[PDB]
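Working notes, beginning with the structure itself.
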Amino acid sequence: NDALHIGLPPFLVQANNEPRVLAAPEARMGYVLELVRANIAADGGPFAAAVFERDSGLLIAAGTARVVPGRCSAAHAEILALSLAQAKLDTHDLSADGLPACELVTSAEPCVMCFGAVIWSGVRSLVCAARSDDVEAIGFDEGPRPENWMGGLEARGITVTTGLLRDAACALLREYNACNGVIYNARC
Amino acid sequence: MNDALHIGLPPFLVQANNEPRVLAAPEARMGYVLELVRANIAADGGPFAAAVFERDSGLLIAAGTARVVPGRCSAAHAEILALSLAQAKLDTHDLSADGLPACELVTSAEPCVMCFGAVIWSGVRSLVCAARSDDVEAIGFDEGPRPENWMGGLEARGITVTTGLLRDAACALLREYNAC
Ligand SMILES: Nc1nc(O)c2[nH]nnc2n1
Ligand SMILES: Nc1nc(O)c2[nH]nnc2n1
Ligand SMILES: [Zn+2]
Ligand SMILES: [Zn+2]
């Protein structure tokens with residue numbers, strides 16, 4: 001017990017190693033939804049997120065839910081993405097002087113933990129696919145965020161957009177739920 | 001690292017996570033957590049520490065401190081480190097898993113909104129705090145927008161909350177830090 005060490009599965013190493021620029025919001029979210037499918041095939045939850053330079057679309061880092069495989073309840077996709085972006089740029093603050101403005105693109109609206117992390121991270125933009133109710137409907141709790149948490153973010157200069165590629169994101173939620181049972185199903 | 005999120009720990013904190021320690025009384029637990037605050041300040045970190053203990057025995061399971069700046073990670077609050085290292089040691093992402101003893105997070109101050117969430121997902125059954133939210137805010141650390149009645153929120157999820165335990169001793173270390 002010498003470090004907090006959350007191992008990344010190969011696909012997520014690959015994501016974090018390959019340079020990649022995606023200009024349009026849909027292109028960014030498209031990529032994030034590819035990572036959700038790959039994470040569900042690597043024994044993780046149906047959640048992914050990536051940090052992008054807001055104005056160039058350069059991918060800085062990506063993360064996925066590794067709570068179960070990584071034995072770590074803090075290892076939400078958003079935490080991983082934000083933290084790996086910080087390690088890559090060698091700073092705890094993604095708004096530090098001389099950094100480009102960063103945006104977090106996430107497959108679902110953040111839970112209350114991740115809401116706080118977004119606030120501390122220095123990102124200036126949050127872009128979500130699935131809504132909070134979508135996530136809760138398949139048994140993933142978002143927990144008690146403050147009243148008007150979106151407004152809370154905007155008051156901090158963090159822009160919020162939600163519902164982007166929401167249909168595809170919901171299809172991935174439903175796919176994970178249908179394959180999260182103990183009875184073997186070869187189609188899973 | 002290409003292949004992991006890795007937040008290294010300073011020597012005092014590695015030692016705290018790998019030395020046997022059983023602290024029965026709540027204040028003995030909190031006292032050790034305040035020792036960790038001081039050691040962390042001397043190791044270039046913020047004035048925050050926390051530890052996970054088996055609730056009834058007071059066996060220390062893991063400890064964490066603020067490593068935000070030297071770790072280049074805004075999520076590296078003392079509470080996130082303590083909860084995560086406890087889960088790693090007990091080989092589970094859920095500290096309420098069947099057959100595990102009830103776990104308690106003992107913290108130098110009341111949790112920020114992020115840590116409040118972390119506490120809810122961790123599986124701990126008890127939160128014990130020293131310094132108040134107002135005390136942390138009064139030396140320039142933001143707690144962020146937590147929901148109204150965040151304590152009732154934790155209690156409704158089966159997490160008993162205690163606050164103000166060795167508050168004054170904790171406040172002295174906060175004021176020392178602020179002043180330097
Ligand atoms: N609510 C929620 N729950 C999970 O398990 C997650 N993992 N990554 N983001 C997540 N969000
Ligand atoms: N509010 C707050 N701020 C920090 O920087 C911390 N580090 N550990 N707990 C913390 N809590
Ligand atoms: Zn989350
Ligand atoms: Zn915190």
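Each chain in the structure tokens gets a letter, A, B and so on, in the order shown; residues start at 1 in every chain, and ligands are counted from 1 in the order they appear.
Those protein and nucleic acid residues that have any atom within 7 Å of ligand 2 are, using only C-alpha atoms and all ligand atoms, residues 46, 48, 49, 65, 66, 68, 76, 77, 78, 79, 111, 112, 136, 141, 142 and 143 of chain B.
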How would you write, as a short mmCIF file (atom, residue, chain, number, x, y, z; two decimals) with C-alpha atoms, in the first residue's frame, the set of residues no farther than 10 Å from ligand 3 when counting only C-alpha atoms and all ligand atoms?
```cif
data_model
loop_
_atom_site.label_atom_id
_atom_site.label_comp_id
_atom_site.auth_asym_id
_atom_site.auth_seq_id
_atom_site.Cartn_x
_atom_site.Cartn_y
_atom_site.Cartn_z
CA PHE A 47 -19.27 5.45 -18.39
CA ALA A 65 -15.37 3.73 -14.99
CA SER A 73 -15.29 3.77 -5.64
CA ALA A 74 -13.72 7.14 -6.59
CA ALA A 75 -12.69 5.74 -10.07
CA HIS A 76 -15.53 7.26 -12.05
CA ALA A 77 -14.83 8.10 -15.69
CA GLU A 78 -14.79 11.83 -14.96
CA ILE A 79 -12.29 11.56 -12.11
CA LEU A 80 -9.93 9.47 -14.21
CA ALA A 108 -23.57 11.06 -18.63
CA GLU A 109 -24.30 13.93 -16.32
CA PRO A 110 -21.92 13.85 -13.38
CA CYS A 111 -22.70 12.36 -9.99
CA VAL A 112 -22.30 14.64 -6.95
CA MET A 113 -18.63 13.46 -6.44
CA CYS A 114 -17.78 14.23 -10.05
CA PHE A 115 -19.67 17.52 -9.92
CA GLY A 116 -17.27 18.68 -7.21
CA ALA A 117 -14.28 17.35 -9.19
CA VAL A 118 -15.35 19.33 -12.25
CA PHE A 140 -26.74 3.97 -11.10
CA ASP A 141 -27.24 6.56 -8.44
CA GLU A 142 -26.14 10.18 -9.08
CA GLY A 143 -26.55 11.05 -5.41
CA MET B 114 -16.54 16.15 -4.06
CA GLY B 117 -19.92 12.31 -2.81
CA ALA B 118 -16.86 10.04 -2.33
CA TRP B 121 -20.06 5.79 -2.62
#
```
May I have the residues within 12 Å of residue 156 in chain B as a PyMOL selection string, using only C-alpha atoms and disregarding those fewer than 5 positions away in the same chain?
(chain A and resi 143-144) or (chain B and resi 120+125-126+149-151+161)
Hey, can you spit out that residue selection with C-alpha atoms as a PDB file, in the first residue's frame?
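File again.pdb, as written:
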```pdb
ATOM      1  CA  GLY A 143     -26.553  11.050  -5.413  1.00  0.00           C
ATOM      2  CA  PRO A 144     -27.670  14.347  -3.938  1.00  0.00           C
TER       3      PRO A 144
ATOM      4  CA  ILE B 120     -21.404   8.246  -0.021  1.00  0.00           C
ATOM      5  CA  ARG B 125     -20.758   3.768   7.855  1.00  0.00           C
ATOM      6  CA  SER B 126     -19.434   6.669   9.894  1.00  0.00           C
ATOM      7  CA  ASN B 149     -28.453  19.611   4.755  1.00  0.00           C
ATOM      8  CA  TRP B 150     -25.492  17.553   3.516  1.00  0.00           C
ATOM      9  CA  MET B 151     -25.191  15.993   6.997  1.00  0.00           C
ATOM     10  CA  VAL B 161     -21.924  11.980  11.148  1.00  0.00           C
TER      11      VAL B 161
END
```
Using only C-alpha atoms, find the residues of chain B whose closest atom to chain A is at most 8 Å away, then write them as a ChimeraX atom specification.
/B:2-9,14,17-18,68-69,71-75,80-81,84-85,87-89,91-94,112-118,120-122,144-148,153
Out of range 105-185 of chain A, which residues get alpha helix (DSSP H) from DSSP, as a PDB file with C-alpha atoms, in the first residue's frame?
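The result, stored in part_36.pdb:
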```pdb
ATOM      1  CA  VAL A 112     -22.297  14.639  -6.950  1.00  0.00           C
ATOM      2  CA  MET A 113     -18.635  13.462  -6.441  1.00  0.00           C
ATOM      3  CA  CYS A 114     -17.777  14.230 -10.046  1.00  0.00           C
ATOM      4  CA  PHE A 115     -19.674  17.520  -9.924  1.00  0.00           C
ATOM      5  CA  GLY A 116     -17.274  18.681  -7.206  1.00  0.00           C
ATOM      6  CA  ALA A 117     -14.282  17.353  -9.188  1.00  0.00           C
ATOM      7  CA  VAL A 118     -15.346  19.326 -12.254  1.00  0.00           C
ATOM      8  CA  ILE A 119     -15.499  22.478 -10.119  1.00  0.00           C
ATOM      9  CA  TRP A 120     -11.962  21.962  -8.753  1.00  0.00           C
ATOM     10  CA  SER A 121     -10.425  20.765 -11.948  1.00  0.00           C
ATOM     11  CA  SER A 132     -29.217  12.045 -14.746  1.00  0.00           C
ATOM     12  CA  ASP A 133     -32.615  10.235 -15.030  1.00  0.00           C
ATOM     13  CA  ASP A 134     -31.301   7.991 -17.779  1.00  0.00           C
ATOM     14  CA  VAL A 135     -28.479   6.830 -15.557  1.00  0.00           C
ATOM     15  CA  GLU A 136     -30.677   6.346 -12.482  1.00  0.00           C
ATOM     16  CA  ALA A 137     -33.197   4.289 -14.493  1.00  0.00           C
ATOM     17  CA  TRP A 149     -26.323  22.219  -9.957  1.00  0.00           C
ATOM     18  CA  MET A 150     -26.134  23.219 -13.643  1.00  0.00           C
ATOM     19  CA  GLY A 151     -26.730  26.817 -12.628  1.00  0.00           C
ATOM     20  CA  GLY A 152     -24.071  26.356  -9.895  1.00  0.00           C
ATOM     21  CA  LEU A 153     -21.590  25.410 -12.621  1.00  0.00           C
ATOM     22  CA  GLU A 154     -22.515  28.247 -14.911  1.00  0.00           C
ATOM     23  CA  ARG A 166     -28.182  11.170 -25.810  1.00  0.00           C
ATOM     24  CA  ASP A 167     -29.972   8.393 -27.894  1.00  0.00           C
ATOM     25  CA  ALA A 168     -26.798   6.505 -28.534  1.00  0.00           C
ATOM     26  CA  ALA A 169     -25.703   6.942 -24.945  1.00  0.00           C
ATOM     27  CA  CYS A 170     -29.033   5.609 -23.693  1.00  0.00           C
ATOM     28  CA  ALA A 171     -28.682   2.613 -26.085  1.00  0.00           C
ATOM     29  CA  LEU A 172     -25.343   1.847 -24.391  1.00  0.00           C
ATOM     30  CA  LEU A 173     -26.851   2.159 -20.907  1.00  0.00           C
ATOM     31  CA  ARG A 174     -29.629  -0.334 -21.853  1.00  0.00           C
ATOM     32  CA  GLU A 175     -27.028  -2.718 -23.387  1.00  0.00           C
ATOM     33  CA  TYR A 176     -24.974  -2.758 -20.211  1.00  0.00           C
ATOM     34  CA  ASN A 177     -28.127  -3.318 -18.071  1.00  0.00           C
ATOM     35  CA  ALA A 178     -29.319  -6.216 -20.233  1.00  0.00           C
TER      36      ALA A 178
END
```
Students should find that CA of residue 19 in chain B and CA of residue 42 in chain B are spaced 20.0 Å
Could you tell me, as a ChimeraX atom specification, which residues of chain A DSSP assigns to strand (DSSP E) when given the backbone?
/A:3-7,48-53,59-64,102-108,125-130,159-161
Would you save the residues from that selection as a CSV table (one decimal), in the first residue's frame, using N, CA, C and O atoms?
```
chain,number,residue,atom,x,y,z
A,3,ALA,N,0.9,3.8,-2.9
A,3,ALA,CA,0.4,4.9,-3.8
A,3,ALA,C,-1.1,4.7,-4.1
A,3,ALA,O,-1.6,3.6,-3.8
A,4,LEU,N,-1.8,5.7,-4.6
A,4,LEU,CA,-3.1,5.4,-5.2
A,4,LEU,C,-2.7,5.1,-6.6
A,4,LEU,O,-2.1,5.9,-7.3
A,5,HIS,N,-3.1,3.9,-7.1
A,5,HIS,CA,-2.7,3.4,-8.3
A,5,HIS,C,-3.9,2.8,-8.9
A,5,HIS,O,-4.3,1.7,-8.5
A,6,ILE,N,-4.5,3.4,-9.9
A,6,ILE,CA,-5.6,2.8,-10.7
A,6,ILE,C,-5.1,2.5,-12.0
A,6,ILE,O,-4.7,3.3,-12.8
A,7,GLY,N,-5.0,1.2,-12.3
A,7,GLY,CA,-4.5,0.6,-13.6
A,7,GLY,C,-5.5,0.9,-14.7
A,7,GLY,O,-6.7,1.0,-14.5
A,48,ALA,N,-17.8,6.8,-19.7
A,48,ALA,CA,-16.5,7.3,-20.2
A,48,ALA,C,-16.5,8.8,-20.2
A,48,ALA,O,-17.6,9.4,-20.2
A,49,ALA,N,-15.3,9.4,-20.3
A,49,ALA,CA,-15.2,10.8,-20.4
A,49,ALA,C,-13.8,11.2,-20.9
A,49,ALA,O,-12.9,10.4,-20.9
A,50,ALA,N,-13.7,12.3,-21.5
A,50,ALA,CA,-12.4,12.7,-22.1
A,50,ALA,C,-12.3,14.3,-21.9
A,50,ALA,O,-13.3,15.0,-21.9
A,51,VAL,N,-11.1,14.7,-21.7
A,51,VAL,CA,-10.7,16.1,-21.6
A,51,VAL,C,-10.1,16.5,-23.0
A,51,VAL,O,-9.2,15.9,-23.4
A,52,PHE,N,-10.7,17.5,-23.5
A,52,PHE,CA,-10.3,18.1,-24.8
A,52,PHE,C,-9.9,19.6,-24.5
A,52,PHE,O,-10.5,20.3,-23.7
A,53,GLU,N,-8.9,20.0,-25.3
A,53,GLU,CA,-8.8,21.5,-25.5
A,53,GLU,C,-10.1,22.0,-26.2
A,53,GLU,O,-10.5,21.6,-27.3
A,59,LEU,N,-7.4,16.0,-28.0
A,59,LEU,CA,-7.7,15.1,-26.9
A,59,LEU,C,-6.5,15.3,-26.0
A,59,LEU,O,-5.3,15.1,-26.4
A,60,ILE,N,-6.8,15.6,-24.7
A,60,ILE,CA,-5.7,15.6,-23.7
A,60,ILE,C,-5.6,14.2,-23.0
A,60,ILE,O,-4.5,13.6,-22.9
A,61,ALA,N,-6.7,13.8,-22.4
A,61,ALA,CA,-6.8,12.5,-21.8
A,61,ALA,C,-8.3,11.9,-21.8
A,61,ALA,O,-9.2,12.7,-21.8
A,62,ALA,N,-8.4,10.6,-21.5
A,62,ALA,CA,-9.6,9.9,-21.4
A,62,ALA,C,-9.6,9.1,-20.2
A,62,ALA,O,-8.6,8.5,-19.9
A,63,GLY,N,-10.8,8.9,-19.7
A,63,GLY,CA,-11.1,8.0,-18.6
A,63,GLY,C,-12.4,7.2,-18.7
A,63,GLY,O,-13.2,7.6,-19.5
A,64,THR,N,-12.4,6.2,-18.0
A,64,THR,CA,-13.6,5.3,-18.0
A,64,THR,C,-13.9,4.8,-16.6
A,64,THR,O,-13.1,5.0,-15.7
A,102,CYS,N,-10.0,24.0,-21.2
A,102,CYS,CA,-10.2,22.6,-21.4
A,102,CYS,C,-11.7,22.3,-21.1
A,102,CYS,O,-12.4,23.1,-20.4
A,103,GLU,N,-12.2,21.3,-21.8
A,103,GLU,CA,-13.6,20.9,-21.7
A,103,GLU,C,-13.6,19.4,-21.4
A,103,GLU,O,-12.9,18.6,-21.9
A,104,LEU,N,-14.6,19.1,-20.5
A,104,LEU,CA,-14.8,17.7,-20.1
A,104,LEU,C,-16.0,17.2,-20.9
A,104,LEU,O,-17.1,17.8,-20.7
A,105,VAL,N,-15.8,16.2,-21.7
A,105,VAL,CA,-16.9,15.5,-22.5
A,105,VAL,C,-17.2,14.2,-21.8
A,105,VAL,O,-16.4,13.3,-21.8
A,106,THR,N,-18.4,14.0,-21.3
A,106,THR,CA,-18.8,12.9,-20.5
A,106,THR,C,-20.1,12.2,-21.0
A,106,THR,O,-21.0,12.8,-21.5
A,107,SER,N,-20.1,10.9,-20.9
A,107,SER,CA,-21.2,10.0,-21.5
A,107,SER,C,-22.5,10.2,-20.7
A,107,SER,O,-23.5,9.9,-21.2
A,108,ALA,N,-22.4,10.8,-19.5
A,108,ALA,CA,-23.6,11.1,-18.6
A,108,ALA,C,-23.3,12.2,-17.7
A,108,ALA,O,-22.1,12.6,-17.4
A,125,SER,N,-15.7,24.0,-19.4
A,125,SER,CA,-16.8,23.5,-20.2
A,125,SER,C,-17.1,22.1,-19.9
A,125,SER,O,-16.2,21.3,-19.7
A,126,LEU,N,-18.4,21.7,-19.6
A,126,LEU,CA,-18.9,20.4,-19.3
A,126,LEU,C,-19.9,20.0,-20.4
A,126,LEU,O,-20.8,20.8,-20.6
A,127,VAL,N,-19.7,18.9,-21.1
A,127,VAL,CA,-20.6,18.5,-22.2
A,127,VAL,C,-21.0,17.0,-21.9
A,127,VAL,O,-20.1,16.2,-21.8
A,128,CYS,N,-22.3,16.8,-21.7
A,128,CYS,CA,-22.8,15.5,-21.3
A,128,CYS,C,-23.8,14.9,-22.4
A,128,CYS,O,-24.4,15.7,-23.1
A,129,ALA,N,-23.8,13.6,-22.4
A,129,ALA,CA,-24.7,12.9,-23.3
A,129,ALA,C,-26.0,12.5,-22.5
A,129,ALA,O,-27.0,13.2,-22.6
A,130,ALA,N,-26.0,11.4,-21.8
A,130,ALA,CA,-27.1,10.9,-21.0
A,130,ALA,C,-27.5,11.8,-19.9
A,130,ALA,O,-26.6,12.3,-19.2
A,159,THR,N,-19.2,26.3,-18.6
A,159,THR,CA,-20.4,26.1,-19.4
A,159,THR,C,-20.9,24.7,-19.4
A,159,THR,O,-20.1,23.8,-19.2
A,160,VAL,N,-22.3,24.5,-19.3
A,160,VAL,CA,-22.9,23.2,-19.3
A,160,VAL,C,-23.7,23.0,-20.6
A,160,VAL,O,-24.6,23.8,-20.9
A,161,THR,N,-23.6,21.8,-21.2
A,161,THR,CA,-24.4,21.4,-22.3
A,161,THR,C,-24.8,19.9,-22.0
A,161,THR,O,-23.9,19.1,-21.5
```
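The interatomic distance for the pair CA of residue 123 in chain A and CA of residue 11 in chain A works out to 24.4 Å.
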